[PDB]
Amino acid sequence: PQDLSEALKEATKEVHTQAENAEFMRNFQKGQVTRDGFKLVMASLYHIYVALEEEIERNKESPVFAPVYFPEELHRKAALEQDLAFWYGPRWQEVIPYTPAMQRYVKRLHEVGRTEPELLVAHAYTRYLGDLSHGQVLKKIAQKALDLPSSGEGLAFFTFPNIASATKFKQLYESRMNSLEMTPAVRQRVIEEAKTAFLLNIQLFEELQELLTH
């Protein structure tokens, strides 16, 4: 449709259905996942979110992004720091992995935040709305599999405490995305950047898959 929110959904249906077939994501999705694979996923998210939130901060007051700036409701860095401290220990920052696929993703986020700010919404959409939608099933799959102890940590990332209702926040976020002012060309590039975002994720999984199995 003409609403950016609906245009994004429709345009990424293909790459999303594709992602549901990426081995690593297939296995996780079907209950196949280990502590080592999970840790890798979490490390990935950490690096991705640090770069994403760094660029959102740089462009928070710009009209190309301000409407979708929800620091309190969406920030994920702090939750990932908590989780990684549990998964990798007190010196997690010194030992977490930083792979080519992770760097590739981070590189585009910075390129976008510094030279093509008008496209940052596409990356925020792909990450936030997605993680917000995959949250429940994933944390549940994690619990029922990882056989965690009873320390109450490691899964903070899957809970957005500052969002009372995910479905209601989704409406609000879509509405803010649709309030953004953009020319037909920018709008087109935003859609294409979203596809690029999915691809970065899909190829990140293909790497985590290659890495896990040796």
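Throughout, we count residues from 1 along the sequence that is shown.
Taking only CA atoms, the mean B-factor in the PDB entry is higher for 29 to 37 than for the other of 177 to 185 and 29 to 37.
Between 138 to 146 and 68 to 76, it is 138 to 146 that carries the larger average Cα temperature factor according to the deposited entry.
In this PDB entry, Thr159 carries a Cα temperature factor that places it within the lowest third of its chain's modelled residues. The entry lists a Cα temperature factor for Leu200 that places it in the middle third of the chain's modelled residues.
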